[PDB]
């Protein structure tokens, strides 16, 4: 039952063999090289079956062969430590059952660089892989380096049934480095936990905070330069626990993506549609469990579909009129006049692709927000010129053509909570409301054509509130636990 869910419940499974660090022996400097040659000499169709044990500092491992599989002999029993990067240049390469821990990426784009087509990372575990690379404020502006753990640079990549635990230095955990055509990557059934910033005093450099406090997402799909092309990639059926990297939990920066059916539990970070068009966010379960700085989905740019999400028990910061509030659904302001067809454009100074595309043409329907401190927030935030230029942008615009239908914001338990935060500072343009139900405070409610303040009949189905005829259909929702997400083993005797 939802309120009573905890880390223990989501991560328990019987199906999970336990692998223990100690039954593994530390390979000598000599067997590492022997392992490395095996890697580098493999031919199309071959397979390496890493014998069990701990292998420190493989360094740079380049796989040039196609149709190969590198697996541990027993899943979870080959531990790759110190500095390593697998560089997967071949097509149809599969990594399976590996553990990356007690070490760090050998180059900043991660332990695994998936450069080929149809590359796969499955059944693998990353555990606090934060070590052994240089990590200092740089001389130029005191910026700490961005290190990722996995990056995808090819097509049809798969990252499935892994565990990604304790990323706690700067850098996005999975990055998609794409080009001008669809990538169709699948990132699914993974477990993500305990991403967290400022564990090494990074924020102590006050002047550098805006950038040092950025780039701690769990995944970024696309980036500013590539954002106006489709990725058509999927972030689905993942389980995320205490993922507190930064404001963006998932930063979508390309088009036609699906970010659907994830369970996001006690994670002080939001799904963020940051750049790019026509992304779909559906059937997620966002369970704040009353943790401060939790929230649902924040939205820039055009043509997105946000439907049938279940967002509960989220809470904003502890005690500014203009604050970028974390709500269940946040319709951001941006810096371009989209109501008159303005676009971001790499050629127009101040309006480059990495800036803020005022949301437009957004479908928001059949969501259930339950006990959310800030429910649906219509943004009034300002923006800075860039991460390196602190000047505020003059020229801020509200969302346009935002269609709300069949949403339930239920703050019946604490009706002082703000269910809808409308704002005369930036009235939405062309907003419409069809069968909305908002229970709880509505700020600037005279901005809203109509809505009901009485809940439909409420039932409980497998722990969820079901509102008759409205809100998220509970038939489409279910909690992801370690019964389908994550590797088939847990590791014991690991070190952070």
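Residue numbers count along the first chain shown, from 1.
- According to the PDB entry, the deposited sequence contains 1 to 3 residues between residue 319 and residue 320 that lack coordinates.
- Taking the PDB entry as given, 345 to 353 carries the higher mean Cα B factor of the two stretches 401 to 409 and 345 to 353.
- Taking only CA atoms, the mean B-factor in the PDB entry is higher for 111 to 119 than for the other of 187 to 195 and 111 to 119.
- Out of 452, 465, 443, 28, it is 28 whose C-alpha atom has the highest B-factor in the PDB entry.
- When the C-alpha B factors of 234, 167, 326, 206 are read from the deposited coordinates, the top value falls at 206.
- In the PDB entry, a CA B factor belonging to the lowest third of its chain's modelled residues is recorded for residue 378.
- Placement of the Cα temperature factor of residue 315 within the chain: lowest third of the modelled residues, per the deposited record.
- Among all modelled residues in this chain, the alpha-carbon of residue 90 has a temperature factor (C-alpha) in the highest third.
- Among the modelled residues of the chain, residue 76 sits in the highest third by CA temperature factor in this PDB entry.
- Residue 157 sits in the middle third of its chain by CA B factor, as recorded in the PDB entry.
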